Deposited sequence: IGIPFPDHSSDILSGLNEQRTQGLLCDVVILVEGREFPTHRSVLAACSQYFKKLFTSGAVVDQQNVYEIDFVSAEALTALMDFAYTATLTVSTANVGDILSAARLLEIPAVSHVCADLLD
């Protein structure tokens, strides 16, 4: 009968972030403005519908031309840590990018912060 581990999902995420930090067990590179982001297909697909569609339908490197390197870094950081670092002036920029990547947790929140 289910022993609950309330810290487990965050411990998992931390471990995946360690992998990302260390360039370990990353199976895809996102390329944005000439900048490369080694990540996990699976983690991206679990929080972005753009990426789920992309990976469940090039081969190791995928270019994104419709978000800034700066927004993608903030959103990839969010994906892997559960914290979105944003300044008051940039909320609308992150909203625009999260809608295009279809990361609804971030889109809903940022839209609420703008009215």
Missing stretches, numbered from 1 on the deposited chain sequence and kept in order: 58-62
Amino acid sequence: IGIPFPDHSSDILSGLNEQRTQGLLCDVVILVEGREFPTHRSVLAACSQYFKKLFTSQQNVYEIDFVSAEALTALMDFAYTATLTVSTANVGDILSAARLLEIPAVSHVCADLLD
From here on, numbers count along this sequence of modelled residues.
Regarding 31-39 and 59-67, which shows the higher C-alpha temperature factor on average in the entry? 59-67
Stretch with the greater mean C-alpha B-factor as recorded in the entry, comparing 15-23 against 99-107: 15-23
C47: CA temperature factor from the record, placed by chain third, in the highest
Please say which third, lowest, middle or highest, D112 falls into when its CA temperature factor is compared across its chain. middle
Chain third (lowest, middle, highest) by recorded CA B-factor, residue given as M76: middle
Chain thirds of CA B-factor: placement of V86: middle
